[PDB]
Protein chains: 4
Amino acid sequence: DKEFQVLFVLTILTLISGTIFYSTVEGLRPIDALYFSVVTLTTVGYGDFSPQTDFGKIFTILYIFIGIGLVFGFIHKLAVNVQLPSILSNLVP
Amino acid sequence: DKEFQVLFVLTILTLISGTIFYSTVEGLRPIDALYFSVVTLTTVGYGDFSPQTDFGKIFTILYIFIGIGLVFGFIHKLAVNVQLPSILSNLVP
Amino acid sequence: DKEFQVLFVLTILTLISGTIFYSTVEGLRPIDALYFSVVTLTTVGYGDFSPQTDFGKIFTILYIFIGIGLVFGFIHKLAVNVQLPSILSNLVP
Amino acid sequence: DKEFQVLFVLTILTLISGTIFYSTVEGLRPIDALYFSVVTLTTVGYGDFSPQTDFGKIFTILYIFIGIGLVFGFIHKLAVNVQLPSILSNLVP
Ligand SMILES: [K+]
Ligand SMILES: [K+]
Ligand SMILES: [K+]
Ligand SMILES: [K+]
Ligand SMILES: [K+]
């Protein structure tokens with residue numbers, strides 16, 4: 001429970017950093033920066049948005065390496081410690 | 001066995017939600033909406049389709065976080081509890 | 001060892017199916033079809049190639065769900081049962 | 001600790017190979033080649049860069065299969081043996 005809260009906060013902070021960075025350096029609207037940060041760290045990578053500056057490319061390399069781990073950690077705990085219990089409870093005959 | 005059936009249903013429901021959402025808000029043909037939902041949740045992300053509206057971008061963020069876990073859960077069980085047994089049986093000398 | 005050989009063969013067969021399908025239905029050159037199949041099943045998804053026909057989109061949905069599991073199974077075993085031993089042996093003082 | 005250092009070095013070497021290959025065969029600037037190599041091995045795959053030559057497509061297939069395992073191995077150890085301890089220490093009441 002507290003573990004999920006910590007990953008939640010960590011993920012939020014990571015996404016906030018990405019939103020601030022891409023909106024500033026890559027000139028994206030804040031919503032697009034947040035959306036791009038999520039699409040990046042979850043490894044979907046549509047490419048509708050991508051860094052055009054070298055500063056952006058370098059940050060993206062570091063952002064991915066440092067963010068993928070926590071984002072997927074949060075996703076795992078969300079599905080196993082939150083979603084799983086709910087589906088099971090919806091079964092209880 | 002029953003576990004696989006539950007993940008199967010859950011995945012179907014998740015994909016149906018995506019199909020309805022993207023066909024309505026993003027104006028995609030139903031087949032393209034389903035295809036896009038799958039390409040998104042499996043993290044392939046070709047980008048041949050991507051949300052153009054803010055409503056679509058926000059939903060996509062939430063859809064990914066909530067759907068990746070179950071989709072990959074189903075994929076895992078499919079390969080370990082269904083595909084694996086079959087390949088092994090095809091070996092039995 | 002034999003496990004790695006089985007996953008190797010399974011991966012080859014899966015990629016051959018994709019190569020045949022995309023070169024025929026989507027009209028790609030065989031090399032591009034193989035390349036696209038790999039980029040798809042490893043979830044990279046550049047999007048330089050993507051299915052344009054409904055037949056192709058439907059097959060892609062099924063191909064991903066059935067192929068991701070085995071492809072990543074092979075990748076895991078390759079890194080743990082082949083690459084890992086080699087790096088360790090290159091260390092042995 | 002030493003495990004993390006080995007994966008660190010291995011990842012560096014893998015990325016250096018990609019940087020050299022794509023800058024030479026695909027004609028990318030070194031920074032773009034490094035960026036593309038990272039985007040590829042972490043499976044993000046934006047597609048802003050992608051191999052245009054057959055030599056590049058073939059290398060990419062092999063690069064992905066051999067590199068994804070080590071890159072994600074490093075990411076895992078980075079998050080579990082480096083990031084995790086730090087966040088926990090930042091909690092210690
Ligand atoms: K991807
Ligand atoms: K991916
Ligand atoms: K992608
Ligand atoms: K494009
Ligand atoms: K893409």
# chains A, B, ... in the order shown; residues from 1 in each chain; ligands from 1
>>> residues_near_ligand(ligand="ligand 4", cutoff="12 Å", atoms="only C-alpha atoms and all ligand atoms", output="PyMOL selection string")
(chain A and resi 45-50) or (chain B and resi 45-50) or (chain C and resi 45-50) or (chain D and resi 45-50)
>>> write_last_selection(atoms="N, CA, C and O atoms", output="tab-separated table (two decimals), in the first residue's frame")
chain	number	residue	atom	x	y	z
A	45	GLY	N	6.40	4.95	-27.76
A	45	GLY	CA	7.12	5.70	-28.79
A	45	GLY	C	6.49	5.92	-30.15
A	45	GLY	O	7.08	5.59	-31.17
A	46	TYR	N	5.29	6.51	-30.19
A	46	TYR	CA	4.63	6.76	-31.47
A	46	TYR	C	5.48	7.56	-32.44
A	46	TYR	O	5.49	7.28	-33.64
A	47	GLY	N	6.16	8.57	-31.93
A	47	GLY	CA	6.97	9.40	-32.80
A	47	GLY	C	6.21	10.60	-33.33
A	47	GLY	O	6.72	11.32	-34.19
A	48	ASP	N	4.98	10.81	-32.86
A	48	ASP	CA	4.24	11.99	-33.30
A	48	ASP	C	4.95	13.22	-32.72
A	48	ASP	O	4.85	14.33	-33.24
A	49	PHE	N	5.67	12.98	-31.63
A	49	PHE	CA	6.50	13.98	-30.98
A	49	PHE	C	7.84	13.27	-30.76
A	49	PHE	O	7.87	12.08	-30.47
A	50	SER	N	8.94	14.01	-30.94
A	50	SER	CA	10.28	13.49	-30.74
A	50	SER	C	11.21	14.70	-30.60
A	50	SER	O	10.95	15.74	-31.20
B	45	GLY	N	3.66	0.74	-30.75
B	45	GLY	CA	3.59	2.16	-31.10
B	45	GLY	C	4.11	2.64	-32.45
B	45	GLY	O	4.95	3.53	-32.50
B	46	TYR	N	3.62	2.06	-33.54
B	46	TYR	CA	4.07	2.47	-34.87
B	46	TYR	C	3.93	3.96	-35.12
B	46	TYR	O	4.80	4.59	-35.72
B	47	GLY	N	2.81	4.52	-34.68
B	47	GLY	CA	2.58	5.94	-34.91
B	47	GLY	C	1.83	6.20	-36.21
B	47	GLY	O	1.69	7.36	-36.60
B	48	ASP	N	1.39	5.15	-36.90
B	48	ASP	CA	0.61	5.37	-38.11
B	48	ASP	C	-0.73	5.98	-37.69
B	48	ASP	O	-1.39	6.67	-38.47
B	49	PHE	N	-1.09	5.73	-36.44
B	49	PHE	CA	-2.28	6.31	-35.82
B	49	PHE	C	-1.77	6.83	-34.47
B	49	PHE	O	-0.91	6.20	-33.84
B	50	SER	N	-2.28	7.98	-34.04
B	50	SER	CA	-1.92	8.59	-32.77
B	50	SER	C	-3.01	9.62	-32.45
B	50	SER	O	-3.58	10.21	-33.36
C	45	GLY	N	8.77	-1.00	-32.98
C	45	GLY	CA	7.76	-0.27	-33.75
C	45	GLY	C	8.08	1.09	-34.34
C	45	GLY	O	7.36	2.06	-34.09
C	46	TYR	N	9.14	1.19	-35.14
C	46	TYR	CA	9.50	2.47	-35.75
C	46	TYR	C	8.37	3.10	-36.53
C	46	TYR	O	8.17	4.32	-36.48
C	47	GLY	N	7.65	2.28	-37.28
C	47	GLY	CA	6.57	2.82	-38.09
C	47	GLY	C	7.02	3.19	-39.49
C	47	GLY	O	6.25	3.79	-40.25
C	48	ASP	N	8.27	2.89	-39.85
C	48	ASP	CA	8.72	3.17	-41.21
C	48	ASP	C	7.96	2.23	-42.14
C	48	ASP	O	7.78	2.51	-43.33
C	49	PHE	N	7.50	1.12	-41.57
C	49	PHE	CA	6.66	0.15	-42.26
C	49	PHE	C	5.51	-0.11	-41.29
C	49	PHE	O	5.73	-0.14	-40.07
C	50	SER	N	4.30	-0.27	-41.82
C	50	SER	CA	3.12	-0.56	-41.02
C	50	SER	C	2.06	-1.10	-41.99
C	50	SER	O	2.03	-0.71	-43.16
D	45	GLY	N	11.51	3.21	-30.00
D	45	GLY	CA	11.29	3.26	-31.44
D	45	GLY	C	10.46	4.38	-32.05
D	45	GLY	O	9.49	4.11	-32.76
D	46	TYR	N	10.81	5.63	-31.79
D	46	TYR	CA	10.06	6.76	-32.35
D	46	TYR	C	9.92	6.69	-33.85
D	46	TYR	O	8.86	7.01	-34.41
D	47	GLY	N	11.00	6.33	-34.53
D	47	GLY	CA	10.96	6.28	-35.98
D	47	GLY	C	11.40	7.59	-36.62
D	47	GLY	O	11.28	7.74	-37.83
D	48	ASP	N	11.86	8.55	-35.81
D	48	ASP	CA	12.35	9.80	-36.40
D	48	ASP	C	13.63	9.47	-37.17
D	48	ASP	O	14.02	10.17	-38.10
D	49	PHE	N	14.26	8.37	-36.76
D	49	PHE	CA	15.44	7.82	-37.43
D	49	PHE	C	15.12	6.34	-37.58
D	49	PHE	O	14.51	5.73	-36.70
D	50	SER	N	15.53	5.76	-38.71
D	50	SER	CA	15.32	4.34	-38.99
D	50	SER	C	16.28	3.98	-40.14
D	50	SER	O	16.57	4.82	-40.99
>>> calpha_fit_and_write(fixed="chain B", moving="chain A", output="CSV table (one decimal) with N, CA and C atoms, in the first residue's frame")
chain,number,residue,atom,x,y,z
A,1,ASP,N,-5.9,-22.3,-16.1
A,1,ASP,CA,-7.0,-22.4,-17.1
A,1,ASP,C,-8.0,-21.4,-17.0
A,2,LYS,N,-8.7,-21.3,-15.8
A,2,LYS,CA,-9.7,-20.3,-15.5
A,2,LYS,C,-9.0,-18.9,-15.4
A,3,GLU,N,-7.7,-18.9,-15.0
A,3,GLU,CA,-6.9,-17.7,-14.9
A,3,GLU,C,-6.8,-17.1,-16.3
A,4,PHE,N,-6.5,-18.0,-17.3
A,4,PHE,CA,-6.3,-17.5,-18.7
A,4,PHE,C,-7.6,-17.0,-19.2
A,5,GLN,N,-8.7,-17.6,-18.9
A,5,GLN,CA,-10.0,-17.2,-19.3
A,5,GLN,C,-10.4,-15.8,-18.8
A,6,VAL,N,-10.0,-15.5,-17.5
A,6,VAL,CA,-10.3,-14.2,-16.9
A,6,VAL,C,-9.4,-13.1,-17.6
A,7,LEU,N,-8.2,-13.4,-17.8
A,7,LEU,CA,-7.3,-12.4,-18.5
A,7,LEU,C,-7.8,-12.2,-19.9
A,8,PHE,N,-8.3,-13.3,-20.5
A,8,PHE,CA,-8.8,-13.2,-21.9
A,8,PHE,C,-9.9,-12.2,-21.9
A,9,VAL,N,-10.9,-12.4,-21.1
A,9,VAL,CA,-12.0,-11.5,-21.0
A,9,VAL,C,-11.6,-10.1,-20.6
A,10,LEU,N,-10.8,-9.9,-19.6
A,10,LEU,CA,-10.3,-8.6,-19.2
A,10,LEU,C,-9.6,-7.9,-20.4
A,11,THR,N,-8.8,-8.6,-21.2
A,11,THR,CA,-8.2,-8.0,-22.3
A,11,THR,C,-9.2,-7.6,-23.4
A,12,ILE,N,-10.2,-8.4,-23.6
A,12,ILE,CA,-11.2,-8.1,-24.6
A,12,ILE,C,-11.9,-6.8,-24.2
A,13,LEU,N,-12.3,-6.8,-22.9
A,13,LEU,CA,-13.0,-5.6,-22.4
A,13,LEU,C,-12.2,-4.3,-22.6
A,14,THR,N,-10.9,-4.4,-22.3
A,14,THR,CA,-10.0,-3.3,-22.4
A,14,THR,C,-9.9,-2.8,-23.8
A,15,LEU,N,-9.8,-3.8,-24.7
A,15,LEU,CA,-9.7,-3.5,-26.1
A,15,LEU,C,-11.0,-2.9,-26.7
A,16,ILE,N,-12.1,-3.4,-26.2
A,16,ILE,CA,-13.4,-2.9,-26.6
A,16,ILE,C,-13.5,-1.4,-26.2
A,17,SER,N,-13.1,-1.1,-25.0
A,17,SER,CA,-13.1,0.3,-24.5
A,17,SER,C,-12.3,1.2,-25.4
A,18,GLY,N,-11.1,0.8,-25.7
A,18,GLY,CA,-10.3,1.5,-26.6
A,18,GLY,C,-10.9,1.7,-28.0
A,19,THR,N,-11.5,0.6,-28.5
A,19,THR,CA,-12.1,0.7,-29.8
A,19,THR,C,-13.2,1.7,-29.8
A,20,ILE,N,-14.1,1.7,-28.8
A,20,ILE,CA,-15.2,2.7,-28.7
A,20,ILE,C,-14.6,4.1,-28.6
A,21,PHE,N,-13.7,4.3,-27.7
A,21,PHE,CA,-13.1,5.6,-27.5
A,21,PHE,C,-12.5,6.2,-28.7
A,22,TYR,N,-11.5,5.6,-29.3
A,22,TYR,CA,-10.8,6.1,-30.4
A,22,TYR,C,-11.7,6.3,-31.7
A,23,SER,N,-12.7,5.4,-31.9
A,23,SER,CA,-13.5,5.5,-33.0
A,23,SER,C,-14.4,6.8,-32.9
A,24,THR,N,-14.8,7.0,-31.6
A,24,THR,CA,-15.7,8.2,-31.3
A,24,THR,C,-15.0,9.5,-31.2
A,25,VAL,N,-14.0,9.6,-30.3
A,25,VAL,CA,-13.3,10.9,-30.1
A,25,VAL,C,-12.2,11.2,-31.2
A,26,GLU,N,-11.5,10.2,-31.6
A,26,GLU,CA,-10.5,10.4,-32.6
A,26,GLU,C,-11.0,10.1,-34.1
A,27,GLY,N,-12.2,9.7,-34.2
A,27,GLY,CA,-12.8,9.5,-35.5
A,27,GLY,C,-12.3,8.4,-36.3
A,28,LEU,N,-11.7,7.4,-35.7
A,28,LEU,CA,-11.1,6.2,-36.5
A,28,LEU,C,-12.2,5.2,-36.8
A,29,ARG,N,-12.0,4.5,-37.9
A,29,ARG,CA,-12.9,3.4,-38.2
A,29,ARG,C,-12.7,2.4,-37.1
A,30,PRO,N,-13.7,1.7,-36.7
A,30,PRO,CA,-13.6,0.7,-35.6
A,30,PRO,C,-12.4,-0.2,-35.7
A,31,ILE,N,-12.2,-0.8,-36.9
A,31,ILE,CA,-11.0,-1.7,-37.1
A,31,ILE,C,-9.7,-1.0,-36.8
A,32,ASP,N,-9.6,0.3,-37.2
A,32,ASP,CA,-8.4,1.0,-37.0
A,32,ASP,C,-8.3,1.3,-35.5
A,33,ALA,N,-9.4,1.6,-34.8
A,33,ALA,CA,-9.4,1.9,-33.4
A,33,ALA,C,-8.9,0.7,-32.6
A,34,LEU,N,-9.4,-0.5,-33.0
A,34,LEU,CA,-9.0,-1.8,-32.3
A,34,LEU,C,-7.5,-2.0,-32.6
A,35,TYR,N,-7.1,-1.9,-33.8
A,35,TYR,CA,-5.7,-2.1,-34.2
A,35,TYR,C,-4.8,-1.1,-33.4
A,36,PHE,N,-5.2,0.2,-33.4
A,36,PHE,CA,-4.4,1.2,-32.6
A,36,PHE,C,-4.3,0.9,-31.1
A,37,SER,N,-5.5,0.4,-30.6
A,37,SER,CA,-5.5,0.1,-29.2
A,37,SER,C,-4.5,-1.1,-28.9
A,38,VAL,N,-4.4,-2.1,-29.7
A,38,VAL,CA,-3.5,-3.2,-29.5
A,38,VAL,C,-2.1,-2.7,-29.7
A,39,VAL,N,-1.8,-2.0,-30.7
A,39,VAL,CA,-0.5,-1.5,-31.0
A,39,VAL,C,0.0,-0.6,-29.9
A,40,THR,N,-0.9,0.1,-29.2
A,40,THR,CA,-0.6,0.9,-28.1
A,40,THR,C,-0.3,0.1,-26.8
A,41,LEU,N,-1.2,-0.7,-26.4
A,41,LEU,CA,-1.0,-1.5,-25.2
A,41,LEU,C,0.1,-2.6,-25.2
A,42,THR,N,0.5,-3.0,-26.4
A,42,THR,CA,1.6,-4.0,-26.5
A,42,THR,C,2.9,-3.2,-26.6
A,43,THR,N,2.8,-1.9,-26.5
A,43,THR,CA,3.9,-0.9,-26.6
A,43,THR,C,4.7,-0.9,-27.9
A,44,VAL,N,4.1,-1.4,-29.0
A,44,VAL,CA,4.7,-1.4,-30.3
A,44,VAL,C,4.8,0.1,-30.8
A,45,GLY,N,3.7,0.7,-30.7
A,45,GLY,CA,3.6,2.2,-31.1
A,45,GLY,C,4.1,2.6,-32.4
A,46,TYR,N,3.6,2.1,-33.5
A,46,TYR,CA,4.1,2.5,-34.9
A,46,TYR,C,3.9,4.0,-35.1
A,47,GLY,N,2.8,4.5,-34.7
A,47,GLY,CA,2.6,5.9,-34.9
A,47,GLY,C,1.8,6.2,-36.2
A,48,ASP,N,1.4,5.2,-36.9
A,48,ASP,CA,0.6,5.4,-38.1
A,48,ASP,C,-0.7,6.0,-37.7
A,49,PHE,N,-1.1,5.7,-36.4
A,49,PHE,CA,-2.3,6.3,-35.8
A,49,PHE,C,-1.8,6.8,-34.5
A,50,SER,N,-2.3,8.0,-34.0
A,50,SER,CA,-1.9,8.6,-32.8
A,50,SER,C,-3.0,9.6,-32.5
A,51,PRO,N,-3.3,9.8,-31.2
A,51,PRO,CA,-4.3,10.8,-30.8
A,51,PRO,C,-4.0,12.2,-31.2
A,52,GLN,N,-4.9,12.9,-31.8
A,52,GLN,CA,-4.7,14.3,-32.3
A,52,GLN,C,-5.4,15.3,-31.3
A,53,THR,N,-6.4,14.9,-30.6
A,53,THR,CA,-7.1,15.8,-29.7
A,53,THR,C,-6.5,15.6,-28.2
A,54,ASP,N,-6.7,16.7,-27.4
A,54,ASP,CA,-6.2,16.7,-26.1
A,54,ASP,C,-7.0,15.6,-25.3
A,55,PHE,N,-8.3,15.4,-25.6
A,55,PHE,CA,-9.1,14.4,-24.9
A,55,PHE,C,-8.4,13.1,-25.2
A,56,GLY,N,-8.1,12.9,-26.5
A,56,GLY,CA,-7.4,11.6,-26.8
A,56,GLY,C,-6.1,11.4,-26.2
A,57,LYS,N,-5.3,12.5,-26.1
A,57,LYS,CA,-4.0,12.3,-25.4
A,57,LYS,C,-4.1,12.0,-24.0
A,58,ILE,N,-5.0,12.6,-23.3
A,58,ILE,CA,-5.2,12.4,-21.9
A,58,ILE,C,-5.7,10.9,-21.6
A,59,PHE,N,-6.7,10.5,-22.4
A,59,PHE,CA,-7.2,9.2,-22.3
A,59,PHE,C,-6.1,8.2,-22.6
A,60,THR,N,-5.3,8.4,-23.6
A,60,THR,CA,-4.2,7.5,-23.9
A,60,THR,C,-3.2,7.3,-22.8
A,61,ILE,N,-2.9,8.4,-22.1
A,61,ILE,CA,-2.0,8.3,-20.9
A,61,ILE,C,-2.6,7.3,-19.9
A,62,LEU,N,-3.9,7.5,-19.6
A,62,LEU,CA,-4.5,6.7,-18.6
A,62,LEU,C,-4.7,5.3,-19.1
A,63,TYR,N,-5.0,5.1,-20.4
A,63,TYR,CA,-5.3,3.8,-21.0
A,63,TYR,C,-4.0,3.0,-20.9
A,64,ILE,N,-2.9,3.6,-21.2
A,64,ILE,CA,-1.6,2.9,-21.2
A,64,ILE,C,-1.3,2.4,-19.8
A,65,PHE,N,-1.3,3.3,-18.8
A,65,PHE,CA,-1.0,2.9,-17.4
A,65,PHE,C,-1.9,1.8,-16.9
A,66,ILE,N,-3.2,1.8,-17.3
A,66,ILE,CA,-4.1,0.8,-16.8
A,66,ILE,C,-4.1,-0.5,-17.6
A,67,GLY,N,-3.9,-0.3,-18.9
A,67,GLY,CA,-3.9,-1.5,-19.8
A,67,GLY,C,-2.7,-2.3,-20.0
A,68,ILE,N,-1.5,-1.7,-20.0
A,68,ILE,CA,-0.3,-2.4,-20.2
A,68,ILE,C,-0.2,-3.6,-19.3
A,69,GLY,N,-0.4,-3.4,-18.0
A,69,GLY,CA,-0.3,-4.5,-17.0
A,69,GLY,C,-1.2,-5.7,-17.3
A,70,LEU,N,-2.4,-5.5,-17.6
A,70,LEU,CA,-3.3,-6.7,-17.9
A,70,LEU,C,-3.0,-7.3,-19.3
A,71,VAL,N,-2.7,-6.5,-20.3
A,71,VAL,CA,-2.4,-7.0,-21.6
A,71,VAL,C,-1.1,-7.9,-21.5
A,72,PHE,N,-0.1,-7.4,-20.9
A,72,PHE,CA,1.1,-8.3,-20.7
A,72,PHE,C,0.9,-9.4,-19.8
A,73,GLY,N,-0.1,-9.3,-18.9
A,73,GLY,CA,-0.3,-10.4,-18.0
A,73,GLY,C,-0.9,-11.5,-18.8
A,74,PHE,N,-1.8,-11.2,-19.7
A,74,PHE,CA,-2.5,-12.1,-20.6
A,74,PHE,C,-1.5,-12.8,-21.5
A,75,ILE,N,-0.6,-11.9,-22.1
A,75,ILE,CA,0.4,-12.5,-23.0
A,75,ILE,C,1.3,-13.5,-22.3
A,76,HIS,N,1.7,-13.2,-21.1
A,76,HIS,CA,2.5,-14.1,-20.3
A,76,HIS,C,1.9,-15.4,-20.1
A,77,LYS,N,0.6,-15.4,-19.6
A,77,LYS,CA,-0.1,-16.6,-19.3
A,77,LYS,C,-0.4,-17.4,-20.6
A,78,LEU,N,-0.6,-16.7,-21.7
A,78,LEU,CA,-0.9,-17.3,-23.0
A,78,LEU,C,0.3,-18.1,-23.4
A,79,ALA,N,1.5,-17.5,-23.3
A,79,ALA,CA,2.8,-18.2,-23.6
A,79,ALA,C,3.2,-19.3,-22.7
A,80,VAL,N,3.0,-19.1,-21.4
A,80,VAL,CA,3.4,-20.1,-20.4
A,80,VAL,C,2.4,-21.2,-20.1
A,81,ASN,N,1.1,-20.8,-20.1
A,81,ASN,CA,0.0,-21.8,-19.8
A,81,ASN,C,-0.7,-22.4,-21.0
A,82,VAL,N,-0.4,-21.9,-22.2
A,82,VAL,CA,-1.1,-22.4,-23.4
A,82,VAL,C,-0.1,-22.8,-24.5
A,83,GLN,N,0.8,-21.8,-24.9
A,83,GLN,CA,1.8,-22.1,-26.0
A,83,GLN,C,2.8,-23.1,-25.5
A,84,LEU,N,3.4,-22.9,-24.3
A,84,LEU,CA,4.4,-23.8,-23.8
A,84,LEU,C,4.0,-25.3,-23.8
A,85,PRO,N,2.8,-25.6,-23.2
A,85,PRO,CA,2.4,-27.0,-23.1
A,85,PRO,C,2.3,-27.6,-24.5
A,86,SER,N,1.8,-26.8,-25.5
A,86,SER,CA,1.6,-27.3,-26.8
A,86,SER,C,2.9,-27.7,-27.5
A,87,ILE,N,3.9,-26.8,-27.4
A,87,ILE,CA,5.2,-27.0,-28.0
A,87,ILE,C,5.9,-28.3,-27.4
A,88,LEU,N,5.7,-28.4,-26.1
A,88,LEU,CA,6.3,-29.5,-25.4
A,88,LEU,C,5.7,-30.8,-25.9
A,89,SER,N,4.3,-30.8,-26.0
A,89,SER,CA,3.6,-32.0,-26.5
A,89,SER,C,4.0,-32.4,-27.9
A,90,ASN,N,4.4,-31.4,-28.7
A,90,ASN,CA,4.8,-31.7,-30.1
A,90,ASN,C,6.2,-32.3,-30.1
A,91,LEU,N,6.8,-32.4,-28.9
A,91,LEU,CA,8.1,-32.9,-28.8
A,91,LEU,C,8.1,-34.4,-28.4
A,92,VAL,N,7.3,-34.7,-27.4
A,92,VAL,CA,7.1,-36.0,-26.9
A,92,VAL,C,7.4,-37.2,-27.8
A,93,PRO,N,8.6,-37.7,-27.7
A,93,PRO,CA,9.1,-38.8,-28.6
A,93,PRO,C,8.2,-40.0,-28.6
